[PDB]
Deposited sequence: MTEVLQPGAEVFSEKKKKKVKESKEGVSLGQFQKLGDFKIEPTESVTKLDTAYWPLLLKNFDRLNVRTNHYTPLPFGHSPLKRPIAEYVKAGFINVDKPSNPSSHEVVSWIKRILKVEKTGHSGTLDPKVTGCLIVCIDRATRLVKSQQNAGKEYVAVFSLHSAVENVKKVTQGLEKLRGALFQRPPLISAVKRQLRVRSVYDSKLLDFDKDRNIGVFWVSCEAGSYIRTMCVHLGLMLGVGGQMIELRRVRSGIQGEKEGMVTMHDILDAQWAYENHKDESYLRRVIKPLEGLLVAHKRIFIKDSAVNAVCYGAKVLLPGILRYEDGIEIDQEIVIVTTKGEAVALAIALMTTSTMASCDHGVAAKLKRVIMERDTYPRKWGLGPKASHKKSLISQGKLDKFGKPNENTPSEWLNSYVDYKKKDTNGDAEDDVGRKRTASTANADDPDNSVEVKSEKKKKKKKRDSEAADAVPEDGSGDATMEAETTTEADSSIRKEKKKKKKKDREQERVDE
C-alpha cells in the first residue's frame, strides 16, 4: 500500500533489525500530521490563478506553508498538485513530471477531412520548438484527435507532453502547419505525473466541505479521503529500504551506507534519483545513487546513495549511530 507494495519482490540484503516503537504508518498518521505531510489533487476551477487557488487552500486548511508543482494558467482547468507543509520539500522534484492535457482548438478556415487534422497532429510530435506565449525545445510524446466538428471547426485532442510545454503555442503551431491557422479556446490538464482524474480528484467544494466537517464535527474521514500522503508522489521512484537505526543519520545529512540497507530494488543506476523508505513505508529522503544494484549486491560497505532532499524531520527516530558491531 503506497510504498510497501511488492516489497517481497525486492532484493533482500538482510532481515535482522531491531524494530523501534517510534514512527507512524504513512496512512495512519494523526490528523495533525496527516495534513502536514499530504498533498491534494485539486480540480482547478476555470477563472482563478494557480497561486490564488493555492492561497485559497492555505487559508482554508490553516496550514503554515503550501506549494504546488506546476503553474496552471488563470483560464486553464485540470490537475493541480497542492503540497501541504512538509510535502513542499518535493516541489522541485516535481517540475519535470510528464503532463497530459485535453485541448480544444478552433480553426479560422475549414479542412477537407479529419485525416488532414490527424496528419497535422502526427507531424507535431517529438521534440518541438516552443516559445512562451504573450525559444525552447520541449517534447510531445503522444497526441490523439479525440473529436472534430467541421461546422464549428472545433476539435478535441489529447496530448502527452513534457513539463513546461505550452499547449497554446502547440495549438498555434498546429494551426500554422495545416495552412488555415488556429488557436486554443480551452484547456484541461487530465493527468499530472502519476496522478490523473481517476486518482482521487477532489473539487474545491470537496476540500471546503472536508475542512468544515472537521471543524464542526471532528470527523477526519472526509479529510483523509481529500488529502493523500506524500509517499504517493514517489511511487514511480526506485526504492532503497534502510534499517530503523540508519534513518536518523540520513535525517541529519549522513549518506546512505551499505551496512544499513534492508532491501533494494532492481534497476538502480548511478546518478539516479531514488527514495529512501523506512520499514513502515515512510519516505526518509530523496537520494542520488552512487552504486548500481549489482555493486550493492556485491559489496559489504560504502556509500549506497548521497542525499538530495531530506523529507523526514529530524529526531523522528532516535539517534542510533555509533553503536554498531565495532563501536570503536
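Annotation: deposited residues 1-54, 189-195, 390-514 are not represented by C-alpha coordinates in the model.
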